[PDB]
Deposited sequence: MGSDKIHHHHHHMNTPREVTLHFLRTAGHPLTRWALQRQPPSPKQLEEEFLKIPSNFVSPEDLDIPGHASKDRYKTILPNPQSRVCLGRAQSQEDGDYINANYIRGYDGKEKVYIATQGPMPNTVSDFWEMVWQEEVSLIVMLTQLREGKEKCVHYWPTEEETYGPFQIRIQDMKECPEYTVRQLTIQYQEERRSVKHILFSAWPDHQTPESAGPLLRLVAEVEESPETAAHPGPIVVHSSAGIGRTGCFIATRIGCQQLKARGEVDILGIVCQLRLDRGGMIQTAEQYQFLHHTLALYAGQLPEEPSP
């Protein structure tokens, strides 16, 4: 037994299944949830676990690093660019389905081109952005980012988020990307309430998946783990509730940390998950 095998074994086997009923009517107590959250290992990687020269200039935070086993590598198919590094991980969706999301930090001014390279390479058609009133990496009208031309076709303000219809063109090929900006979500905090979050999840679910093999949904926030983690854990929890009438929230969080260290930052965020999914249960047939 080493520290890492202990970590991996916990994340791989821990679980606390909650029926619709137990979720709505008899959840674990706030104290039980705090103690449970604290037992979940972070699965952060040490800087000694990435061998990527000069990656630090492309990280917003020195301690929040992409796990190499699930890291998104930039193959540079479209650029004369240098190495393969972006702080972003592939995230498994419902039932362990691969590459349903890419959790990444919001672009820094020097990684905007890398972010757009990733959107192209991975055939991303949906971006979910979580923020509070981070750069303006999309254009007002039209901008070129490296080899890519991005144009905004439409901008629609909803009560809780702004939906932008964008296009990305490389050479002859121009793709549609839907962009959803959800504000009023501070880092290390929860949304103001669960309703706006559930309506964000519904907005994502109702987005048209035209592709034969759909790309990953890009979810980002400042660090790419707290608000990013809450969002993705909420969607997966809704999916489990709807398909099976139960949710294993502890398992969901553990599975997300296998994909990217530190997903879901606070016990309060973890408690809000339970609260949010208790509400979603009530919408169910």
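In sequence order, which parts of the deposited sequence are missing C-alpha coordinates?
Missing C-alpha atoms (numbering from 1) occur across the ranges 1-13, 147-152, 305-309.
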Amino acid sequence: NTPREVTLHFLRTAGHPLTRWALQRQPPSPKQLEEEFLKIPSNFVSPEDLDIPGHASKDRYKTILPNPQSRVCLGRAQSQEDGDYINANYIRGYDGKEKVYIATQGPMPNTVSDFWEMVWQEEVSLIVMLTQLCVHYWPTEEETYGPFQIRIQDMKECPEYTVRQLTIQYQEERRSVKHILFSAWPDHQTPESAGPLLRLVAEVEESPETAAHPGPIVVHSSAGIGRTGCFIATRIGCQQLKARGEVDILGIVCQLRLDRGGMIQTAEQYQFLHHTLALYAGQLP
From here on, numbers count along this sequence of modelled residues.
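In the PDB record, does 135-143 or 164-172 carry the higher mean Cα temperature factor?
Going by the record's values, the stretch with the higher mean is 135-143.
May I ask you to compare 78-86 and 175-183 by their mean CA B factor in the entry and name the higher one?
Averaged over C-alpha atoms, the B-factors run higher in 78-86.
Selection by C-alpha B-factor (highest) of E98, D114, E122, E157:
Answer, based on the entry's C-alpha B-factors: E157.
At the C-alpha atoms, which of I127, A212, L198, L130 reaches the highest B-factor in this entry?
Result of the comparison over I127, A212, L198, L130: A212.
Split into thirds by Cα B-factor across the chain's modelled residues, where does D49 land: lowest, middle or highest?
For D49, the deposited C-alpha B-factor lands in the highest third.
Determine, from the deposited record, the chain-internal third of the Cα B-factor for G93: lowest, middle or highest.
Within its chain, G93 is a lowest-third residue by C-alpha B-factor, going by the deposited values.
Classify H55 as lowest, middle or highest third according to the C-alpha B-factor given in the PDB entry, relative to its own chain.
It belongs to the highest third of the chain when residues are ordered by C-alpha B-factor.
If you rank the chain by CA B-factor, which third does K39 end up in: lowest, middle or highest?
It belongs to the middle third of the chain when residues are ordered by C-alpha B-factor.
State the tercile, meaning the lowest, middle or highest third, of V219 with respect to the CA B-factors recorded for its chain.
Ranked within chain, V219 CA B lands in the lowest tercile.
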